[PDB]
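Quick notes on the structure that follows.
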Amino acid sequence: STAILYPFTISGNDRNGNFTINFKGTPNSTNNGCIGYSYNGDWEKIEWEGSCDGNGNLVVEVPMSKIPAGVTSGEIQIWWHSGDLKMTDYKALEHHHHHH
Ligand SMILES: C[As](C)(=O)[O-]
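Residues 412 to 511 (the entry's author numbering) are what the sequence shown spells out, left to right.
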């Protein structure tokens with residue numbers, strides 16, 4: 412695996428709001444990745460991209476509606492990172508997650 416990996420599980424049913432992810436990295440870096448998940452024996456990916464601001468921060472927002480009903484697990488992945496990048500937190504549905 413060449414990706415930096417962050418597993419998650421979700422409700423199979425609730426699709427309100429956003430899946431919001433906080434990344435911390437090199438200021439002004441450029442970055443991309445996905446929210447990946449298994450759906451009926453396929454690995455599906457919702458791509459994200461963005462740059463860190465001058466504080467090293469990048470907030471990604473993906474509508475929950477992009478994940479099919481019935482999906483209950485997946486992985487946030489970092490693909491390209493021009494400098495350093497890590498996920499610190501995500502919020503999806505009622506789950507407020509901090510990555511120690
Ligand atoms: C509420 As937790 C253990 O996912 O940061």
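Idealized CB from N, CA, C, for every residue including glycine.
Residue i - partner residues in DSSP beta bridges
{"i": "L416", "result": "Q488"}
{"i": "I432", "result": "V471, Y501"}
{"i": "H506", "result": "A503"}
Distance between beta carbons of residue j and residue i, contact taken as under 8 Å
{"i": "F430", "j": "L469", "result": "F430 to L469, Cβ: 15 Å. No contact."}
{"i": "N451", "j": "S493", "result": "Incorrect: roughly 35 Å between the Cβ atoms, too far for contact."}
{"i": "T437", "j": "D495", "result": "5 Å"}
Among the options, the one whose alpha carbon lies nearest that of residue i
{"i": "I487", "options": "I457, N424, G467, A480", "result": "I457"}
{"i": "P479", "options": "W459, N427, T413, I415", "result": "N427"}
{"i": "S484", "options": "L416, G423, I415", "result": "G423"}
{"i": "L416", "options": "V482, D425, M498", "result": "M498"}
{"i": "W459", "options": "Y448, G444, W491", "result": "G444"}
{"i": "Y448", "options": "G465, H510, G481, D425", "result": "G481"}
{"i": "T413", "options": "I489, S462, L504, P474", "result": "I489"}
{"i": "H509", "options": "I432, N466, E472", "result": "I432"}
{"i": "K477", "options": "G467, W491, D464, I446", "result": "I446"}
Unbroken alpha helix (DSSP H) runs of length 4 or more, entirely within the region 437-498: which are they?
none
For ligand 1, which residues have a Cβ under 7 Å from at least one heavy atom, in chain order?
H506, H507, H508, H509
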